């Protein structure tokens, strides 16, 4: 199920990794590569590299590995002779679904549906989930505007040649610091780092400020309320402004906690109010749970913390969910087929795995475990913040979805690189934040292994 701690043999990347990185660099830019991995010997919370290093992995493949490496329940699925077809016969799911398609959805995604959302379409990744959510939103908005009326001849003609009125000039409102994917529609809503954006054509869609909270929260009660109120006002102003531009805001997309752009949090009140603004202007409210979804905040979906019966119109997911897709309200159902469609629409092999993942999450009480392990982590980070104010500030988190700031990008990267050599894989976000994305099998004792390693690193830095 898991090893008893990290065990380092070499610097990371070690010589076998470096050789493999040189080979890969011949066929593509390999500069992002951390190291090469032995996934066969990886177990639980521990990633083993090709040099035999064993690291406690608190990044989990960018928050995408739900119940650790080489999970014995998932091993068993692959071993069952009856499952072989699912792995080798991939269907065009929009036209030729397997006999068990609906049942395996009942065992998996439908069992964790968000409140108010009776509909589900599956997609293979987070980007195509958000792209198709946008399109779902645009078709719904245009359908509100036309009744009743059929598509017009002018609409049918102009859409084929990329013109209005067939192709409307609607927008999705997004936030500074957001990350929603990198295909060309997703990208216009992404505002994470310039290198993600530069040299790519975009859309003129409104971009609102996301609150920047001040820490410690108890010492900034009024200021943080004011900051959130200012952002809400600017959202509403943008919706009004873009309606006058004839670039009507059909939807608002937001993450419950901004990830790639710097682990930015906002109060549950901010979200409830944002949801109400969206409804008031007839904007669909699209919650992107690709990274927050799947339990690490201590609730299956992070938006569940908000306590709403009607939390959103559309909610996308992927990463830990193995498959992508989006849940949505009945009113957003496409009116005709072949509008929201692609060849594969996910993969039944991933739904097979996810159903077992969800069973394990329920049976091992891993939601509540993530709240607990996360509190233990956060407490320890607060202790380190108090002892090392020259390096650590703005400690913050929900569940195991935790982060802190360092003084600058150069110290942020150095601390990540030293931790890795000492046996712990950390992620970065923003210009100078370190983030945690532990698998759901991360326990309080793993929080301590990390804290004790990192305490020694800070003492010697």
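Between two forms, the rigid core is defined as the largest C-alpha subset superposing within 1.5 Å. Residue numbers count along the first chain shown, from 1.
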Just give me the stretch that moves more in 5 other deposited structures of this protein: 143-151 or 158-166, judged by RMS C-alpha distance after a core fit. 143-151
In the PDB record, does 272-280 or 182-190 carry the higher mean Cα temperature factor? 272-280
Higher mean Cα B-factor in the deposited model: 333-341 or 87-95? 333-341
Of the options 316, 369, 291, 118, which has the highest CA B factor as deposited? 118
Tell me which of 385, 122, 149, 258 tops the list for C-alpha B factor in the record. 149
So, residue 131's CA B-factor, relative to its chain, sits in which third? The lowest
Sort the modelled residues of this chain by their C-alpha B factor and say whether residue 160 lands in the lowest, middle or highest third. highest
Would you mind ranking residue 438 by its C-alpha B-factor against the rest of the chain and naming the third, lowest, middle or highest? lowest
Tell me, lowest, middle or highest third: where does the Cα B factor of residue 445 rank within its chain? lowest
So, residue 242's CA B-factor, relative to its chain, sits in which third? The highest
